[PDB]
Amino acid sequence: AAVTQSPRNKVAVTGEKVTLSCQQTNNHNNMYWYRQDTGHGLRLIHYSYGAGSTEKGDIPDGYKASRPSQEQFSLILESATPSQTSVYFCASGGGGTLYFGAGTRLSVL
């Protein structure tokens, strides 16, 4: 089971602090966190080369990430807002490889 996210489906009120947990098993260096326009293309929020280090992606604004261990990465959202409402996907990438999570469907109301 390559890459798994958690939770799969989430409905939260505008305000609350939401965290998205992603974890791997092929232990790839590179791990990524994604989001794409309602039925469009996937755009980079945040990525990571290795535990204890992230870099800003395309659309950094209004997210927090964290890599605490080679196989683990998380998307932090301090004060949510409906805007941030979408479908998130996690990947890991390495030695000619790229895996994806099953996506997290979120709702900011």
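The first residue of the sequence shown is number 1, and the count goes up from there.
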property	result
Per the entry, higher mean C-alpha B factor between 25-33 and 47-55	47-55
5-13 set against 94-102, stretch whose average Cα temperature factor tops the other in the entry	5-13
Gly41, C-alpha B-factor rank within chain (lowest, middle or highest third)	highest
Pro82 by Cα B-factor - lowest, middle or highest third of the modelled chain	highest
